[PDB]
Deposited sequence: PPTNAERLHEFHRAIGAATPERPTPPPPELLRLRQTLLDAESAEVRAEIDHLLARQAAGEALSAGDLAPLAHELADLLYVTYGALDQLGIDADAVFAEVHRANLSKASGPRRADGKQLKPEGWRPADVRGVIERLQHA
């Protein structure tokens, strides 16, 4: 099964959207569009969360199915977040792996483990540039 990052590549190729194979500095038009898409889904997640809190305040004992609008919007947020990486030509799974390494690694302590190394995303990008 494809990862969610590979699904974004399939989406962008299917609509003729720019999706370079390697890290590519974007024109300002792409950056402003990605901001618009991120702002839309951030506001829609916030709305669904506010809703759920409003329902709990009225005593509601939510069920699993009540989470479906929120789950939806969280997935929309993933979709526009992966999408920005994909249009930058930046393999999202490679960047994620590095942020995951730094995060799982920091999780040994009680805070930083003695030999801890922060996420080196710049290094991931330079490794992506080559093939």
Missing residue ranges, deposited sequence indexing starting at 1: 111-117
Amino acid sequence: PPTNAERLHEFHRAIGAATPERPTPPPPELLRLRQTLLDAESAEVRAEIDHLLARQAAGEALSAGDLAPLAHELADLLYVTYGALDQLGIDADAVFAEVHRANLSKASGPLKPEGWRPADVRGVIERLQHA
From here on, numbers count along this sequence of modelled residues.
Of 97-105 and 80-88, the stretch whose C-alpha atoms average the higher B-factor in the entry: 97-105
Between 27-35 and 59-67 (mean CA B-factor, as deposited), the higher: 59-67
Third assignment of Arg117 from its chain's C-alpha B-factors: highest
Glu48, C-alpha B-factor rank within chain (lowest, middle or highest third): middle
